[PDB]
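Peer 1: Residue numbers (PDB author numbering), protein chains in the order written: chain B, 13 to 615; chain A, 19 to 615.
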């Protein structure tokens with residue numbers, strides 16, 4: 013019925029489902045010691061024992077009980093009800109996690125504080141891993157026309173200061189439901205993705221007072237910002253333009269219908285119970301044009317290309333960045349990839365020169381360092397060592413760790429090894445790398461220009477690109493929060509850099525798993541170079557690229573700044589060329605035709 | 019139809035009241051009643067009224083008052099009522115070039131003229147919305163059923179998509195406005211019935227398209243999920259069901275789901291389709307590759323003298339002749355006086371060099387009035403030849419003096435819905451016929467649909483026109499491309515060409531360069547070979563904010579970009595004269611300069 017049956021919204025919903033049935037399988041807490049007597053007396057009120065199953069099932073984060081049914085398929089606590097199939101299942105997590113900035117998130121258990129609950133890996137698990145493993149558990153079971161219900165925060169699209177550990181895994185259940193609807197609907201199972209809104213009470217009020225005290229703004233700033241966002245006015249206790257926040261009664265009212273037969277039509281339905289809100293649920297901008305790269309001037313800057321295992325595109329991306337006449341430091345996650353990349357880069361065509369326009373440049377040779385977000389202290393020491401070697405680090409392209417995740421696209425019948433590799437190494441790994449970058453930005457001296465961190469995604473796998481999909485969707489909210497919450501910190505008296513001056517961060521994420529051409533690699537790197545080396549600020553988080561090689565506009569840019577400078581010079585002027593079939597004449601005719609004139613080649 | 023029957027059947031009980039209203043042909047209640055009362059329940063709750071077909075504001079208000087007062091039996095008291103907007107007609111099934119503008123063109127399939135087709139279930143819905151302004155009890159609800167094809171490319175039903183669209187924009191504006199009182203409008207998408215009529219209709223469409231049988235239905239059976247239980251396993255794509263969507267919609271209308279306001283009711287069983295095909299301008303286009311030497315651009319202008327003349331200047335800067343047609347009278351002479359001045363009477367290209375391009379002609383066009391616009395189209399044909407580039411601007415600058423939608427009582431919105439939506443549809447066919455009646459082998463046909471600018475209080479009407487345009491462009495582009503290969507229509511004269519249209523929304527940017535950015539985007543999608551795969555285009559909320567570029571015809575400085583990059587230069591006496599200009603162009607090139615004087 014409801015995963016969060018222990019002191020959770022679902023534990024409250026247990027008061028329902030009894031008028032037309034009975035509330036059963038109320039999952040208990042992890043401790044399971046005081047949970048046996050917890051809410052047992054409350055549940056016994058106005059409800060006979062009957063077959064109501066209030067067993068304190070262990071909501072384990074890891075899959076040690078995944079094979080175990082515990083009222084799923086067979087066995088059970090005391091009755092054979094696991095043999096029966098329950099028509100509903102809820103993927104609620106109910107773990108807020110730590111509430112801190114991007115400099116001091118508790119990555120390891122030694123870094124935890126009493127205000128903190130769990131660690132970074134635990135925090136990511138408590139919101140993604142339980143969802144995924146409970147989805148896999150008892151997959152062939154449940155009725156042929158059952159229902160699957162999710163619950164996520166409505167802040168998964170709105171900015172949320174100091175809650176990256178909350179939203180970064182909370183921006184992943186929606187993506188996973190999106191990717192799983194297509195591959196699950198076959199058997200005839202729907203995924204009702206319903207988001208109950210914040211409940212109006214004194215707790216959220218005090219939360220917001222603490223919130224705007226932390227950000228450093230006058231009282232009621234966040235309250236005004238989230239009240240003006242409201243477009244509808246409630247009719248509770250009549251009145252006019254009350255504009256009260258959403259109530260849990262409406263949450264129960266919109267949740268109970270999933271058990272009824274009327275829900276059979278819905279599938280993949282965004283069902284945000286927040287009433288009358290306008291947010292751009294998805295932020296994107298398909299590239300209409302092809303960027304001009306001969307106005308970047310990235311010289312005098314260091315670009316740490318944090319590549320995990322996909323160094324194949326990295327070496328080329330590093331060379332393209334070198335073409336901007338910029339020094340680069342290529343960082344590697346896997347150990348053996350370092351040797352292969354060194355061998356590949358030693359050969360010319362990768363370490364040749366900083367070839368830009370129609371001319372070369374020495375610039376600096378591409379360095380080679382080993383990094384790993386799994387170990388915090390080693391990665392921080394390596395970053396400090398790079399600081400001592402060169403100085404500050406501002407431009408940092410961030411690529412995922414492993415290339416082409418998993419051998420198969422299926423996400424139902426899979427062993428947990430690859431899935432647990434995807435978590436704790438791509439989500440947690442990238443969050444850890446962002447943590448180290450933010451530590452370097454804050455606790456170490458930097459400049460005044462804004463800080464750029466691109467988040468290029470995995471390429472096309474000729475299949476369902478869900479493994480790049482989760483990466484993109486979990487990166488979107490992360491970069492959005494990192495962008496918005498790092499502006500108040502640059503002016504507040506709390507964080508004045510110990511009297512020094514610093515800058516905020518602006519971070520997009522390119523998406524290239526939608527094109528399937530051969531020039532898409534040059535296209536993405538071009539966009540990467542333009543977003544790093546130039547001055548520009550796009551207000552959209554995610555950036556999408558066209559569905560064709562050239563897409564809307566047909567341009568190829570093989571270092572042809574001259575042909576770009578010669579555009580439209582002699583427009584609409586017929587030209588006659590004698591002997592223009594070999595030598596200087598052919599070249600003059602070709603450059604004139606590229607200019608725009610009309611040419612008549614005679615030989 | 020069937021969904022209305024099921025809704026009325028569910029009304030028979032559960033503490034509900036049934037009202038079979040909205041009679042057709044001004045008298046249909048007698049033809050459609052007394053069958054709901056045939057059930058044991060509701061001995062008197064069954065109510066039928068012979069309301070006017072057009073349902074103007076005053077007659078709608080009278081009908082509402084007589085319903086509140088009942089059939090003289092109950093005390094007069096306004097209360098809740100049925101506000102579902104399911105009442106409507108399909109309209110003509112005419113093809114992409116032929117259209118019933120005048121009533122004389124009535125056909126057995128086309129029982130309604132263009133204006134009547136537009137008002138079938140759009141104008142009447144808006145008028146009923148206005149007539150339900152004064153007294154709607156708190157906690158009520160109202161929906162506007164739209165078709166699921168309001169985003170999917172269609173064929174032969176431009177009159178069932180262009181007016182069937184913009185209901186979303188009207189609902190958006192009404193949700194923003196009327197939400198203060200505590201009322202809601204949510205778009206609802208009941209799917210096609212799994213009946214034999216819809217099955218044979220698909221077969222007819224396949225035959226009409228000139229394609230092998232089954233591919234049109236394959237487009238629905240391929241990119242649509244199943245996620246159903248019917249027939250136990252192996253539930254093949256059978257399209258959504260009407261009874262389920264009707265029952266769920268009326269359950270939303272009842273309690274247990276109050277104040278949802280998070281429902282689009284897009285019941286297509288998956289069917290991944292964007293809610294709006296659009297992109298953002300994160301870069302400024304480079305107008306250097308634009309070429310229109312041998313091309314004629316006719317600007318379908320209106321009373322907007324300033325904007326149309328600016329567009330004419332920015333297109334004539336691409337060495338092209340123009341024909342500026344103005345919709346309303348008494349504006350031709352002002353345009354002539356303004357254009358007489360040398361500011362707009364001289365054409366200079368993007369480098370700042372004057373060009374001896376043909377001057378700006380001036381004609382008079384009357385979209386809403388057929389047989390005269392076509393005559394003028396043929397006249398300008400005889401004058402110049404075929405015309406392919408048609409920038410279509412709206413009728414009036416500000417569609418209403420007050421930025422509101424429900425306070426009015428059908429006085430100016432009639433002019434809007436009759437001369438700026440229908441007007442556009444009439445002009446679109448006027449142009450389509452010129453292109454198809456006279457086939458011309460060339461590139462695809464380009465029809466931009468620039469929207470009006472923003473001054474204050476946003477642009478609710480612009481939103482409406484945008485929603486109607488996106489679909490008109492989408493459905494058209496599809497039909498055109500499909501009909502470019504059919505030998506049936508190919509034999510008419512010579513070989514023709516397809517059409518590719520777009521939109522260039524501007525009502526979101528409020529700056530000083532939004533009337534120059536718009537000129538750049540109109541001149542880039544016409545004078546170049548760039549096929550946007552997305553329908554609606556949108557300006558950035560901040561021009562200098564995302565990409566600040568200033569282009570007063572300065573293509574030289576654009577050509578001199580990144581030449582001497584990362585070099586330090588020392589200049590002597592570089593404060594005024596030749597050396598100052600060398601320093602200026604070198605700094606624009608990318609080098610580092612050190613001015614000393």
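Note that CB positions come from ideal geometry on N, CA and C, so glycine has one too.
1. Would you mind telling me which residues of chain B sit closer than 7 Å to residue 307(A), beta carbon to beta carbon, in chain order?
2. So the beta strand (DSSP E) residue 368(B) belongs to, where does it begin and stop?
3. Closer than 9 Å by beta-carbon distance: list the chain A residues that pair up with residue 353(B), in chain order.
4. When burial is assigned at 16 or more other CB atoms within 10 Å of the CB, is residue 304(A) buried or exposed?
5. Quick one: does residue 154(A) have its CB under 8 Å from some CB of chain B?
6. Check whether chain B comes within 8 Å of residue 275(A), counting only Cβ atoms and requiring the distance to be less than that.
7. Determine, using beta carbons only, whether residue 244(B) comes closer than 8 Å to chain A.
8. So with CB distances below 9 Å, who are the chain C contacts of residue 79(B)?
9. Strictly under 8 Å for the Cβ-Cβ distance: is residue 173(B) near chain A by that measure?
10. Give a yes or no on whether 8 Å exceeds the smallest Cβ distance from residue 287(B) to chain A.
11. How should residue 293(B) be labelled, buried or exposed, when 16 other C-beta atoms within 10 angstroms of its C-beta is the threshold for buried?
12. Quick check on residue 274(A): buried or exposed, where buried means 16 or more other Cβ atoms within 10 Å of its Cβ?
13. Do you know how far the Cα of residue 601(A) is from the Cα of residue 608(A)?
14. Pull up the CB-CB distance for residue 83(B) and residue 37(B), whole angstroms please, since I reckon it's below 8 Å.
15. To be precise: take each residue of the stretch 250–274 of chain A, compare its Cβ to all Cβ atoms of chain B, and keep it if any distance is under 9 Å. Which residues remain?
16. Taking contact to mean at least 3 C-beta pairs separated by less than 8 Å, is the stretch 543–550 of chain A in contact with the stretch 462–482 of chain A?
17. Which residues bound the beta strand (DSSP E) around residue 556(A)?
18. Going by C-alpha to C-alpha distance, which of 20(B), 321(B) and 359(B) sits closest to residue 342(B)?
19. Going along chain B in order, which residues have a C-beta closer than 8 Å to the C-beta of residue 372(A)?
20. Taking the straight line between their C-alpha atoms, what separation do you get for residue 27(B) and residue 159(B)?
21. Mind reading off the beta-carbon distance from residue 263(B) to residue 208(B)? Whole number of angstroms is fine, and I expect it under 8 Å.
22. Could you please give me the residues that DSSP links to residue 372(A) through a beta bridge?
23. Go ahead and pull the three-state DSSP assignment for residue 450(B).
24. Could you tell me which whole beta strand (DSSP E) segments of length 3 or greater appear in the stretch 547–594 of chain B?
25. Should the stretch 509–523 of chain A be regarded as contacting the stretch 584–596 of chain A, the criterion being three or more beta carbon pairs within less than 8 Å?
26. How do the stretch 117–125 of chain A and the stretch 57–70 of chain A stand: do at least 3 beta-carbon pairs fall below 8 Å, yes or no?
27. What residue does the beta strand (DSSP E) around residue 133(B) start on, and which one ends it?
28. Hey, does residue 584(A) have any beta-carbon neighbour from chain B nearer than 8 Å?
29. Quick check on DSSP: helix, strand or coil for residue 86(B)?
30. Can you confirm whether residue 587(B), when its beta carbon is compared against all beta carbons of chain A, has any partner nearer than 8 Å?
31. Taking only the alpha-carbon atoms, compute the straight-line gap between residue 538(A) and residue 345(A) and give it to the nearest angstrom.
32. Quick one, which of 614(B), 603(B), 571(B) and 574(B) has its alpha-carbon nearest residue 590(B)'s?
33. Within 8 Å (strictly less), CB to CB, does residue 118(B) reach chain A?
34. Relative to the C-alpha of residue 41(B), which residue among 316(B), 100(B) and 106(B) is closest?
35. Do you know how far the Cα of residue 314(A) is from the Cα of residue 339(A)?
36. Kindly identify the DSSP beta-bridge partner or partners of residue 278(B).
Peer 2: The answer reads as follows:
1. Near residue 307(A) (Cβ distances below 7 Å), the residues of chain B are 579 and 580.
2. Where residue 368(B) is concerned, there is no enclosing beta strand (DSSP E), because DSSP gives it neither an H nor an E.
3. In chain order: nothing, as chain A lies at least about 27 Å away.
4. Buried, because 16 or more other Cβ atoms sit within 10 Å of the Cβ of residue 304(A).
5. For residue 154(A), the answer is no, since every Cβ of chain B falls outside 8 Å of its Cβ.
6. With 8 Å as the cut-off, residue 275(A) counts as an interface residue toward chain B.
7. For residue 244(B), the answer is yes, since a Cβ of chain A falls inside 8 Å of its Cβ.
8. The structure shown has no chain C; the protein chains it does contain are B and A.
9. Output row for residue 173(B): interface = no.
10. Yes, because at least one Cβ of chain A sits closer than 8 Å to the Cβ of residue 287(B).
11. Exposed.
12. Residue environment: residue 274(A) is assigned as exposed (fewer than 16 neighbouring CB atoms within 10 Å of its CB, all protein chains considered).
13. So the alpha carbons of these two residues sit roughly 11 Å apart.
14. The pair is a contact, with the Cβ atoms about 5 Å apart (cut-off 8 Å).
15. Listed in sequence order: 250, 251, 253, 258, 259, 262, 263, 265, 266, 269, 273 and 274.
16. Segments in contact, yes.
17. Where residue 556(A) is concerned, the enclosing beta strand (DSSP E) stretches over 554–556.
18. Looking from the CA of residue 342(B), the closest CA among 20(B), 321(B) and 359(B) belongs to 321(B).
19. In chain B, no part has a C-beta under 8 Å from the C-beta of residue 372(A); the shortest such distance is about 13 Å.
20. Each residue's alpha carbon lies about 20 Å from the other.
21. Residue 263(B) to residue 208(B), Cβ: 4 Å. Contact.
22. Beta bridge pairing from DSSP links residue 372(A) with 366(A).
23. Secondary structure of residue 450(B) (DSSP, three-state): helix.
24. The qualifying runs are 554–556 and 586–590.
25. Contact between the stretch 509–523 of chain A and the stretch 584–596 of chain A is absent, because fewer than three Cβ pairs lie under 8 Å.
26. No, the stretch 117–125 of chain A is not in contact with the stretch 57–70 of chain A.
27. For residue 133(B), there is no enclosing beta strand (DSSP E); the enclosing alpha helix (DSSP H) has its first and last residue at 132–136.
28. Interface residue, yes.
29. DSSP places residue 86(B) in the coil class of the three-state scheme, outside both helix and strand.
30. Interface flag for residue 587(B) against chain A is unset, since no Cβ pair is found closer than 8 Å.
31. The straight-line gap from Cα to Cα measures roughly 24 Å.
32. Among 614(B), 603(B), 571(B) and 574(B), the Cα nearest to that of residue 590(B) is on 614(B).
33. Chain A, which has no Cβ nearer than 8 Å to the Cβ of residue 118(B), makes this no.
34. The shortest Cα separation from residue 41(B) among 316(B), 100(B) and 106(B) belongs to 106(B).
35. Cα to Cα, residue 339(A) sits roughly 5 Å from residue 314(A).
36. In the DSSP output, where bridge partners are listed per residue, residue 278(B) has none listed.
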